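Written below as structure tokens is the structure these notes are about.
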Amino acid sequence: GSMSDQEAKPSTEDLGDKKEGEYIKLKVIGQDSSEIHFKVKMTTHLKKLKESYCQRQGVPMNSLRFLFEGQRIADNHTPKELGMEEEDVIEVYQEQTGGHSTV
């Protein structure tokens, strides 16, 4: 019922996960040739990473779209594709860039 005869294994035997902090290297880019490489925290869904990205540049609700592992994803799945610690990636498809005009 155990990996070895001993029920407990030494901490050194298991490398474990090395984490520089609660921030990952998450970078999201948009079809408009926009590149965003920076680190965010992954303690909650990926909403915090893209939400700051969406309001500071453009909320996907009307123009931006977020592709994560490869398919359009939501902002409420941590264990799913948000289990990354220092390498997360998202691609966004934007249709409008906004403008100071009334439009």
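By order in the structure tokens, chains are A, B, ...; within a chain, residues start at 1; ligands start at 1, following the order shown.
For residue 71 of chain A, the set of protein, DNA and RNA residues having any atom at most 12 Å away, when counting only C-alpha atoms and skipping those fewer than 3 positions along the same chain, is residues 65, 66, 67, 68, 74, 81, 89, 90, 91, 92 and 93 of chain A.
For the residues A:102, A:76, A:33, A:94, ranking by smallest atom-to-atom distance to residue 62 of chain A using only C-alpha atoms places A:94 first.
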Gap from atom CA of residue 20 of chain A to atom CA of residue 57 of chain A - Å, one decimal: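 Rounded to one decimal, the two atoms are 27.6 Å apart.
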Shortest interatomic distance to residue 88 of chain A - which of A:103, A:73, A:44, A:26, counting only C-alpha atoms: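 Closest to residue 88 of chain A, using only C-alpha atoms: A:26.
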Test item, alpha helix (DSSP H) assignment across chain A, answer as a ChimeraX atom specification: /A:47-57
